[PDB]
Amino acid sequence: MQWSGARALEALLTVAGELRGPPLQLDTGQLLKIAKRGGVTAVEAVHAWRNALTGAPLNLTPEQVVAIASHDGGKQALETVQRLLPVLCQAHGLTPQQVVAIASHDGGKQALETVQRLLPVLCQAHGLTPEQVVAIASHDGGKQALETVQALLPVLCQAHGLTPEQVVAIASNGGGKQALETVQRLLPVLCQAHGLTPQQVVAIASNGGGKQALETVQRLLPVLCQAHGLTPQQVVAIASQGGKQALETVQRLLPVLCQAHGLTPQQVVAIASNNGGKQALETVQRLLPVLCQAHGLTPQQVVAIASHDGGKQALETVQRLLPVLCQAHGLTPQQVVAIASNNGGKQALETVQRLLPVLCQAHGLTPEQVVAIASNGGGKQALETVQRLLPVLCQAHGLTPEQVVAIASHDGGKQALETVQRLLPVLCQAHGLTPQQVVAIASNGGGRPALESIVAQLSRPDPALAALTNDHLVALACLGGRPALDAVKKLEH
């Protein structure tokens, strides 16, 4: 290794191989993952006390152990969990999944210890739910957020008039301490002076690097409205999704993108108001010329692609794969744009490229279909899940390709497909639903929760005793999945 011993590497690969062995079954991918973000101590620690974690009172799974370990100060968090998980679950009624969630971050030790020490006073004397306290603690520097939340919550509600929900929202991100403090300082300023609603101020603070966004907004808000004729509501749009980098990068690249490349400021806002807005803007500054050419999109389409989380990646991947896709697999740019105009555009294109042949030949789909699957957020996930589950759904469960495509052709296709697999039997035989019904419920966004909800309402006939018959529940569930079904229970208090 890039050693801090002499000859110990020897004693430290004995260990590496044993973790592939009987308690944990670790492939390289994981050992890598641990080493990379955990360190050698992390890897040593896992071996050191692997048996203590898998049985005994903790009964963690390998995948959980990996999750806790693969972080800066993994060793500490592994050692801490051993001590505190039993007490946190018994003395404060948290589930293990919850303790593991807190542990699986940088400085987990500090979060776990701070949760034990402060969970009561937050729940008791500030009327917080433990769910909320876990939310605050489940990030980097939870200790800090927790502590800050204790100190400032009374102030922010009494003085600055905020709900506790709002304060939790702010604290429940990385660097929450900073955001909280920063809001305290700037809330009066930003509201009275710069004319913002406190709701907008929370929006801004309620992301990562919220401190940075707030500060930057106070600084740049007048400039952007005066010198670049933007509305405050647009400046907040940017500050809320893009943060400091985006605001700064907008000021900088707005004149350039409207003189030279000729975009409407309305569109520049659209591009910047996302994660890595900076990256998108800089990428569309370049690459816009060369996009539009050699397989040549209109500016509207470039904007469309860029106006999403990871726009840079989409744009770079489009420019790279647009030819091979259009020519070697015969797709109109119209369709490639569709695929790339969602979160994970890069992932979708790449997955399509590699899976198009497979799906069309081995499973007998038209391209029109494959593109419909890929033209949603999480395309890569749906495509890959179609591949796995198409055979077994058609045979074991007796469905048809067009139907499987219909389920998959929505946001969260993967989930719908998998959930159908789980529930199609129990629903059909045990509750007398027709497969056509089950597919109709699932052929929508939120298809999984729809299905899960509908089961729970029949299996253990929840509050509305018999009110509606099953064909209605299905109708409702297709009409607006879990929301509509939940909105019916909540009509008998």
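Position 1 is the first residue in the sequence shown; the rest follow in order.
When 57-65 is weighed against 443-451, 57-65 comes out higher, by mean CA B-factor as recorded in the entry. The stretch with the higher mean CA B factor, choosing between 133-141 and 298-306, is 298-306. Reading the B-factor column for the CA atoms of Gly378, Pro289, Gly107, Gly127 in the entry, the top value corresponds to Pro289.
Highest CA B-factor among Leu180, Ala77, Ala260, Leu88, as stated in the entry: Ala260.
In the PDB entry, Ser70 places in the lowest third of its chain by CA B-factor. The entry lists a Cα temperature factor for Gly345 that places it in the lowest third of the chain's modelled residues.
Among the modelled residues of its chain, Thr400 has a C-alpha B-factor that falls in the highest third according to the deposited record.
In the PDB entry, a CA B factor belonging to the middle third of its chain's modelled residues is recorded for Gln353. When the modelled residues of the chain are ordered by their C-alpha B factor, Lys278 lands in the lowest third.
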